[PDB]
């Protein structure tokens, strides 16, 4: 009747206006009026319904609740809720999923917060704003304290009522808690969950996503792990690295272990050198003061590059189960001696030669005289049968010459019989600026003018090319999906974390003691010349 049609009309109007507002607040048009008109007309011309529910029957047989602590904050609004929106649109959340933002910040108008704050960071609202309103019906806000027994009793009563209204076979409910909070709050809120908001005894798992930093050295990290272990075990904690995507991990694991050709050469008999590189053209972008207490090694090397190394270098796991892979990550990291300062070259970037990038020290939030490294190259030695003597080079840098993340394996040259008509084979696994995996090999030159000794180097693509170029879901979103699926492969385990800090902490101590000081390099160059000399001195050979 009139009631149904008029609520539908206001709902459609509000849905359009919410998309317009979100496009205006993101695009920051100087002329709001002009912008709202072009957008409205383009939305008209664009039929958006795409949500094929693709979860397995395990996922939709029990209630699911996702609780985002710190929901008021920068990561929650800009990354976590939009990643949940993407999973929602990809059909990867249960149709009855309940999402609760939990934070201390008072919110007098929860719908406004959902439509004006959260929705602003939902990507691709031109073709998906239709789904945005549906998604937001799954989101509620609990204003509460992280350290209140009573608030967590009240939250539990809210969760239980939704769980008990579930229409599905099993009882209880699964609970995913996301700590979008400073680490200084983790121990208190984990205590609160454990006291007051664990899953109903009648059924359901609990998982807790822990955000970085996980300490800043062996002692501080172990203290945080020790603070959380009376509340959650290692099947429950998920220590997340946003940068480690499913695609690169599967390139590393499957291409080697599924195949005789690559399994057989993944060892010191065949490999001369391994480099893992994380390069950015951006600097610290006005947040230099926050970076100054972290440095490039804690920022991306002790965590992100070291996990890549463990997956690259691990022995064959007993099975493809996640904890069998994490077992081998731990085993291989224990074969690594702590990095010494003679095996490290540090840099600190100065203004780019064209003036477009100011120097690190020119940031007014950076303490005068700071020796914080924005660049590091270092050698790690893996002392076991498979890798003894193989240099493993980790390199990371801000404000260098290109944005680029890759693994580069150089194989030992076949000197005979081709001599100067061949060179080291290479295997490259790239994540940025785009995914690629390929080998560089020596092949014949076609045609009669080419005798046997005339060759060239070619790049053999190792990747499967599908019929259609299908959407790339980002690394972060695949990891939240992994946590929902109960797959801990790409998350750092408690023992794994401790071994990794013990590889890096002596070096970090020496840096903080002043024992090694960064070399200036202009923003936009490769970094210090001493770093490329170091790489050349540690087994790498130019093409």
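Numbering follows the first chain given and starts at 1.
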Worksheet item: Are any deposited residues left out of the model between residue 46 and residue 47, and how many (none, 1 to 3, 4 to 9, 10 or more)?
Response: 4 to 9
Worksheet item: Hey, which bit's got the bigger mean C-alpha B factor in the entry, 440-448 or 382-390?
Response: 440-448
Worksheet item: Which is higher in the entry, the mean Cα B factor of 49-57 or that of 485-493?
Response: 49-57
Worksheet entry | 218, 365, 340, 350, ranked by C-alpha B-factor: the highest one | 365
Discussion item. Just to confirm, going by the entry's C-alpha B-factors, which of 498, 477, 31, 512 comes out highest?
Written reply: 31
Worksheet item: residue 519's Cα B-factor: lowest, middle or highest third of the chain?
Response: middle
Item to complete: Within this chain's modelled residues, let me know which third the CA B factor of residue 508 belongs to: lowest, middle or highest.
Response: lowest
Response to the item:
Of the three thirds of the chain ranked by Cα temperature factor, residue 318 occupies the middle
Item to complete: Could you look up the Cα B-factor of residue 373 in the entry and say which third of the chain it sits in: lowest, middle or highest?
Response: lowest
Worksheet item: Where does residue 68 sit by CA temperature factor within its chain: lowest, middle or highest third?
Response: lowest
